[PDB]
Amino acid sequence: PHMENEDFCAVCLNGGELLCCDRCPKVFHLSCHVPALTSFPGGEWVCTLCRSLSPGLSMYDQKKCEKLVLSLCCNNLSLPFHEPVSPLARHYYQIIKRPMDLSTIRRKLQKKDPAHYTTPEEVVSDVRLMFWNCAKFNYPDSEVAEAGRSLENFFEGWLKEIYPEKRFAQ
């Protein structure tokens, strides 16, 4: 039963077949963890949030950017930005000409992707595009715009914690 661990995936909040972190209470679908897992591991397993720290990112930046992106994903305010807006939604894609969501950001952390990030700067730029699109499309007083603004405050906090030696323009 593993009641020392949560009952819903930290990322998508659904039940099902869940892998338990051995250092925190979070649980994950294999495919919801960052980086995704293809099978259940043997022995002890520690999620990316609990871990301590040449194409693609360097292995240093890879671990930091994975922690940054998973931190966003596990925050429940991020749920409206996990997936692309429904192509049936009214006017969205007439207003937002460069859409961005967390599933795209997660895909581009993989060096096999043809648009893969090569620097943390490119990761931060795509996260900020997500916040920019949220503020442009949604009216400022709406629940989604407020979640966006609050999640951005969380994200700026994590940037200073994970990348104290870096400051990212605008």
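Don't overthink the numbering: it's just position in the shown sequence, from 1.
- Counting the deposited residues that fall between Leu53 and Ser54 and carry no coordinates gives a value of 10 or more.
- Here 117-125 and 137-145 are compared by their mean Cα B-factor, and 137-145 comes out higher.
- Of the two stretches examined, 35-43 and 100-108, the record assigns the greater average C-alpha temperature factor to 35-43.
- For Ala89, the recorded CA temperature factor ranks within the highest third of the chain's modelled residues.
- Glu161 sits in the highest third of its chain by CA B factor, as recorded in the PDB entry.
- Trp132 sits in the middle third of its chain by CA B factor, as recorded in the PDB entry.
- Among the modelled residues of its chain, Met59 has a C-alpha B-factor that falls in the highest third, as given in the PDB entry.
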